[PDB]
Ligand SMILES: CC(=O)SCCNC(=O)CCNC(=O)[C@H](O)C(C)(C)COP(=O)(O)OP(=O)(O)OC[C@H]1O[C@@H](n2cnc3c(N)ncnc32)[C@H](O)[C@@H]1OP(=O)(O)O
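One chain is shown next in structure tokens, namely the form deposited without this ligand.
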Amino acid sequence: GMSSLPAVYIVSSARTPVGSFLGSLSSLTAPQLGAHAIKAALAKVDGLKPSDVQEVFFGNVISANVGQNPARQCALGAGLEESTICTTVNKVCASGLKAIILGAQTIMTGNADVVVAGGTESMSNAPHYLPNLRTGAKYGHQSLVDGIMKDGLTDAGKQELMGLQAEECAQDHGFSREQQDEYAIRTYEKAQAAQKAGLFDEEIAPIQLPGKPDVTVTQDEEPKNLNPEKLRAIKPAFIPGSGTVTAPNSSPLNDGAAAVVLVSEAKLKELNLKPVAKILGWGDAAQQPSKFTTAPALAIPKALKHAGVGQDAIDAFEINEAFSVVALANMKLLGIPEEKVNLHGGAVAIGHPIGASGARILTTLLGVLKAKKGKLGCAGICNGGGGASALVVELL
């Protein structure tokens, strides 16, 4: 059981704003975004130094042309000691949450006391691939492969976009274009309402862009884009005519990063640190790849069981909105009412930098718990390939 293992505390978290594809943060690389989130998270822990960080796990999916070990570049960019252990993690969309699980485990096996974990993604700076230049292609037109499509959005087995599998999800659990559109509208409003109230101000670390004075990106870029008129009238994106999944009710392509700082019980009292939360348990699950959309229906109960906590005891859920239908399907399958789900909006309105989103939603979950005066939270995120990861936190 968890209680036979040492405790792990979150003592801070931070995230960049989430920029739009080729948008506000498109000039920064994935490690520049990662360094920014790590540095801002560490600056929040009173009593802890960046040189105290021993190990880093950082998610990143589309690592092509990012260079050697994205996590190492995030760590050194943030002013961490060159002695820091750094590992990049790829569990597609869940990478940012699995990096946190692996960070927690490294404290629990006793191999570190201070760990930074999270994820980063610069989808704007994902390149195109030329796959056959070494052996040559003697004759015929050839292809420049979009690295986002190939390594981020296509299921490897069926060679099928995730949106076509989200469409399969809509067929599977009975959710219409209208049901997905009105959900999409509601989470955009929740995200806009949070923005208007300043409820992202704590978690977000504004970015200063050089160039005489500086430009500052302080807000997530996608929430303001809501136009309910065009949203309900838009042509569907994956099945012309009878499709239900659209770009407005799907997650966008985005840039962003998020980071949490984990410490062991020894270091927490030895440095007399203020803990923000405790990790109570986690769960990974996986099923048929084309059914990844509902893999949180397995991961979430497994994480609750690991934590020894009931689904009704949870005050707030973060169920990552890869698509609107993903949130609706898992809510129906679990019997979770939407009034406890994605209370400041979700990825459909906020953005989905795929390697970071597992940590982004945990960052937001902590804000939701403080803002709405809850204690227990559960984050669940599906990933292409059939999997999902889930985590259970107690606000301290």
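We call the rigid core whatever largest set of C-alpha positions still superposes within 1.5 Å between the two forms. Start at 1 and count along the sequence shown; that's the residue number.
K.L.:
Fitting on the core, do the C-alphas of 75-83 or of 213-221 deviate more in 6 other deposited structures of this protein?
P.N.:
Once the core is superposed, the stretch further away in 6 other deposited structures of this protein is 213-221.
K.L.:
Would you mind checking whether any residues of the deposited sequence sit unmodelled between residue 157 and residue 158, and how many (none, 1 to 3, 4 to 9, 10 or more)?
P.N.:
According to the record, the chain runs unbroken from residue 157 to residue 158.
K.L.:
Averaging CA B factors per stretch from the PDB record, which one is higher: 59-67 or 324-332?
P.N.:
According to the PDB entry, the answer is 324-332.
K.L.:
Which has higher Cα B-factors on average according to the PDB entry: 74-82 or 250-258?
P.N.:
The entry gives the higher C-alpha B-factor average to 74-82.
K.L.:
Whose C-alpha has the highest temperature factor in the PDB entry: 134, 150, 141, 291?
P.N.:
Highest CA B-factor of the listed options: 291.
K.L.:
Among 96, 174, 206, 283, single out the one with the highest C-alpha B factor in the record, please.
P.N.:
Most elevated C-alpha B-factor of the set, per the entry: 174.
K.L.:
Looking at the entry's B-factor column for C-alpha atoms only, identify whether residue 377 ranks in the lowest, middle or highest third of its chain.
P.N.:
It belongs to the middle third of the chain when residues are ordered by C-alpha B-factor.
K.L.:
Taking the chain's C-alpha temperature factors as the reference, tell me which third residue 45 falls into: lowest, middle or highest.
P.N.:
Ranked within chain, residue 45 CA B lands in the highest tercile.
K.L.:
For the chain shown, is the CA B-factor of residue 265 in the lowest, middle or highest third of its modelled residues?
P.N.:
Its C-alpha B-factor, which the entry lists for residue 265, ranks in the highest third among residues of this chain.
K.L.:
Considering only modelled residues of the same chain, in which third does the CA B-factor of residue 129 rank: lowest, middle or highest?
P.N.:
Residue 129: CA B-factor falls in the lowest third of its chain.
K.L.:
Residue 104: which third of its chain by C-alpha temperature factor?
P.N.:
Answer is lowest: the recorded C-alpha B-factor places it there.
What comes next is about the form solved in complex with this ligand, which does not appear here.
K.L.:
Could you confirm whether residue 230 comes within 4.5 Å of this ligand in the deposited complex, counting heavy atoms only?
P.N.:
Heavy-atom contact with this ligand at 4.5 Å: present for residue 230.
K.L.:
Is residue 289 part of the interface with this ligand in the deposited complex - any heavy atom within 4.5 Å?
P.N.:
Looking in the deposited complex, residue contacts with this ligand do not include residue 289, since no heavy atom lies within 4.5 Å.
K.L.:
Test of understanding: in the deposited complex, would residue 268 fall inside 4.5 Å of this ligand by heavy atoms?
P.N.:
No, residue 268 stays farther than 4.5 Å from this ligand in the deposited complex.
K.L.:
Does any part of residue 36 reach within 4.5 Å of this ligand in the deposited complex? Heavy atoms only, please.
P.N.:
No, residue 36 stays farther than 4.5 Å from this ligand in the deposited complex.
K.L.:
Suppose contact means a heavy atom within 4.5 Å; in the deposited complex, does that hold for all of 18, 124 and 256 with this ligand?
P.N.:
No, none of 18, 124 and 256 comes within 4.5 Å of this ligand in the deposited complex.
K.L.:
Only one of 304-312, 276-284, 91-99, 72-80 gets a heavy atom within 4.5 Å of this ligand in the deposited complex; which is it?
P.N.:
Contact criterion met by 91-99 only.
K.L.:
Among 238, 175, 200, 183, which has any heavy atom within 4.5 Å of this ligand in the deposited complex?
P.N.:
Comparing distances to this ligand in the deposited complex, the residue within 4.5 Å is 238.
K.L.:
Between 105, 179, 218, 225, only one gets a heavy atom within 4.5 angstroms of this ligand in the deposited complex; which residue is that?
P.N.:
In short, 225.
K.L.:
Within 185-207, which residues have a heavy atom closer than or equal to 4.5 Å from this ligand in the deposited complex?
P.N.:
If the 4.5 Å heavy-atom criterion is applied to this ligand in the deposited complex, 185-207 yields only 188.
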